[PDB]
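Some notes on the structure that comes next.
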Number of protein chains: 2
Amino acid sequence: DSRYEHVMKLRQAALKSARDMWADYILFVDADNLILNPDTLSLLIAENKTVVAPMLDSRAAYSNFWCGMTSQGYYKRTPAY
Amino acid sequence: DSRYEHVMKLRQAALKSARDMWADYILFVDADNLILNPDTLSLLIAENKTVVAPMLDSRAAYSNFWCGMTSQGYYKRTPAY
């Protein structure tokens, strides 16, 4: 739980430091995500939505988007996955 | 002549700090000029021009815009003034 709290604090501090600098957009990347396509940022910018995330490939059914929360925030496979 | 090179320094050190803060626009008002209409910023913004200056009234013909520079940067009264 300490790890969760630390990550939460770090991300909220990043969000607050990206608001007092007068910036548009903020792109939360992490260590392992290989952003291969050079036009990822431009094609995400050019869609005009608030929160939007590219669908990153993987070797299994895993990816970085859900399609349903059961009751308390747990993954549930909708047929539209 | 040592006051021109100090007025210029102060402005150029503001246009420099209006760029290193990621800010649109910059309003150069000197604390002598009465800005009466409260909406003047909105009308100036909503015109979509690079350098635009409102016309301010005065007790005489003098205002805050020339209308013709002769050869050496001295005022010339063109008939359109």
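Residue names in the structure tokens use chain letters A, B, ... in the order shown, residue numbers from 1 in each chain, and ligand numbers from 1 in the order shown.
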Please, which residues of chain A lie no more than 12 Å from chain B when the count uses only C-alpha atoms, and can they be set out as a PyMOL selection string? chain A and resi 18-24
Quick one, how far is CA of residue 30 in chain B from CA of residue 48 in chain B? 22.9 Å
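Within chain A, the backbone-based DSSP assignment of helix (DSSP H, G or I) covers residues 2, 3, 4, 5, 6, 7, 8, 9, 10, 11, 12, 13, 14, 15, 16, 17, 40, 41, 42, 43, 44 and 45 of chain A.
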Got time to write the residues from that selection, N, CA and C atoms, as a PDB file, in the first residue's frame?
ATOM      1  N   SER A   2       2.034   1.205   0.622  1.00  0.00           N
ATOM      2  CA  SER A   2       2.940   2.348   0.580  1.00  0.00           C
ATOM      3  C   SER A   2       3.380   2.644  -0.846  1.00  0.00           C
ATOM      4  N   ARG A   3       3.604   1.601  -1.650  1.00  0.00           N
ATOM      5  CA  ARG A   3       3.954   1.812  -3.050  1.00  0.00           C
ATOM      6  C   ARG A   3       2.827   2.510  -3.800  1.00  0.00           C
ATOM      7  N   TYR A   4       1.581   2.089  -3.560  1.00  0.00           N
ATOM      8  CA  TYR A   4       0.445   2.747  -4.193  1.00  0.00           C
ATOM      9  C   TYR A   4       0.371   4.214  -3.797  1.00  0.00           C
ATOM     10  N   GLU A   5       0.534   4.506  -2.505  1.00  0.00           N
ATOM     11  CA  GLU A   5       0.468   5.895  -2.059  1.00  0.00           C
ATOM     12  C   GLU A   5       1.594   6.724  -2.662  1.00  0.00           C
ATOM     13  N   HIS A   6       2.800   6.160  -2.733  1.00  0.00           N
ATOM     14  CA  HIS A   6       3.928   6.889  -3.301  1.00  0.00           C
ATOM     15  C   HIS A   6       3.712   7.183  -4.779  1.00  0.00           C
ATOM     16  N   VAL A   7       3.224   6.196  -5.534  1.00  0.00           N
ATOM     17  CA  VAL A   7       2.960   6.405  -6.957  1.00  0.00           C
ATOM     18  C   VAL A   7       1.874   7.458  -7.144  1.00  0.00           C
ATOM     19  N   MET A   8       0.820   7.383  -6.330  1.00  0.00           N
ATOM     20  CA  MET A   8      -0.264   8.356  -6.416  1.00  0.00           C
ATOM     21  C   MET A   8       0.252   9.766  -6.157  1.00  0.00           C
ATOM     22  N   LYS A   9       1.058   9.928  -5.105  1.00  0.00           N
ATOM     23  CA  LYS A   9       1.625  11.235  -4.791  1.00  0.00           C
ATOM     24  C   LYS A   9       2.508  11.742  -5.920  1.00  0.00           C
ATOM     25  N   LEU A  10       3.354  10.872  -6.474  1.00  0.00           N
ATOM     26  CA  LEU A  10       4.251  11.302  -7.541  1.00  0.00           C
ATOM     27  C   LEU A  10       3.468  11.772  -8.759  1.00  0.00           C
ATOM     28  N   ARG A  11       2.443  11.016  -9.156  1.00  0.00           N
ATOM     29  CA  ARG A  11       1.668  11.398 -10.332  1.00  0.00           C
ATOM     30  C   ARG A  11       0.877  12.677 -10.089  1.00  0.00           C
ATOM     31  N   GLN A  12       0.294  12.833  -8.899  1.00  0.00           N
ATOM     32  CA  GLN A  12      -0.427  14.067  -8.609  1.00  0.00           C
ATOM     33  C   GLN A  12       0.513  15.266  -8.582  1.00  0.00           C
ATOM     34  N   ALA A  13       1.732  15.088  -8.071  1.00  0.00           N
ATOM     35  CA  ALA A  13       2.705  16.174  -8.097  1.00  0.00           C
ATOM     36  C   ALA A  13       3.091  16.531  -9.525  1.00  0.00           C
ATOM     37  N   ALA A  14       3.236  15.527 -10.393  1.00  0.00           N
ATOM     38  CA  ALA A  14       3.507  15.814 -11.801  1.00  0.00           C
ATOM     39  C   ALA A  14       2.362  16.593 -12.435  1.00  0.00           C
ATOM     40  N   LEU A  15       1.123  16.191 -12.150  1.00  0.00           N
ATOM     41  CA  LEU A  15      -0.028  16.892 -12.709  1.00  0.00           C
ATOM     42  C   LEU A  15      -0.091  18.330 -12.217  1.00  0.00           C
ATOM     43  N   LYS A  16       0.213  18.555 -10.939  1.00  0.00           N
ATOM     44  CA  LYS A  16       0.181  19.910 -10.402  1.00  0.00           C
ATOM     45  C   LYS A  16       1.337  20.757 -10.917  1.00  0.00           C
ATOM     46  N   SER A  17       2.486  20.145 -11.201  1.00  0.00           N
ATOM     47  CA  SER A  17       3.602  20.880 -11.780  1.00  0.00           C
ATOM     48  C   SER A  17       3.435  21.119 -13.271  1.00  0.00           C
ATOM     49  N   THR A  40       3.059   9.172 -32.833  1.00  0.00           N
ATOM     50  CA  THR A  40       2.074   8.875 -31.800  1.00  0.00           C
ATOM     51  C   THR A  40       1.549  10.158 -31.171  1.00  0.00           C
ATOM     52  N   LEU A  41       2.459  11.052 -30.780  1.00  0.00           N
ATOM     53  CA  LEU A  41       2.062  12.275 -30.092  1.00  0.00           C
ATOM     54  C   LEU A  41       1.194  13.159 -30.977  1.00  0.00           C
ATOM     55  N   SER A  42       1.580  13.333 -32.241  1.00  0.00           N
ATOM     56  CA  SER A  42       0.814  14.202 -33.125  1.00  0.00           C
ATOM     57  C   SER A  42      -0.568  13.629 -33.415  1.00  0.00           C
ATOM     58  N   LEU A  43      -0.657  12.319 -33.651  1.00  0.00           N
ATOM     59  CA  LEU A  43      -1.948  11.715 -33.955  1.00  0.00           C
ATOM     60  C   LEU A  43      -2.859  11.643 -32.739  1.00  0.00           C
ATOM     61  N   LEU A  44      -2.300  11.604 -31.528  1.00  0.00           N
ATOM     62  CA  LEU A  44      -3.140  11.734 -30.342  1.00  0.00           C
ATOM     63  C   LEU A  44      -3.592  13.176 -30.146  1.00  0.00           C
ATOM     64  N   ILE A  45      -2.713  14.139 -30.428  1.00  0.00           N
ATOM     65  CA  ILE A  45      -3.073  15.545 -30.278  1.00  0.00           C
ATOM     66  C   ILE A  45      -4.181  15.921 -31.251  1.00  0.00           C
TER      67      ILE A  45
END
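Taking CA of residue 28 in chain B and CA of residue 50 in chain B as the two end points, the separation is 13.8 Å.
Taking only C-alpha atoms, the non-local environment of range 31-36 of chain B within 12 Å (same-chain residues fewer than 3 positions away omitted) comprises residues 27, 28, 39, 40, 41, 54, 55, 56, 57, 58, 63 and 64 of chain B.
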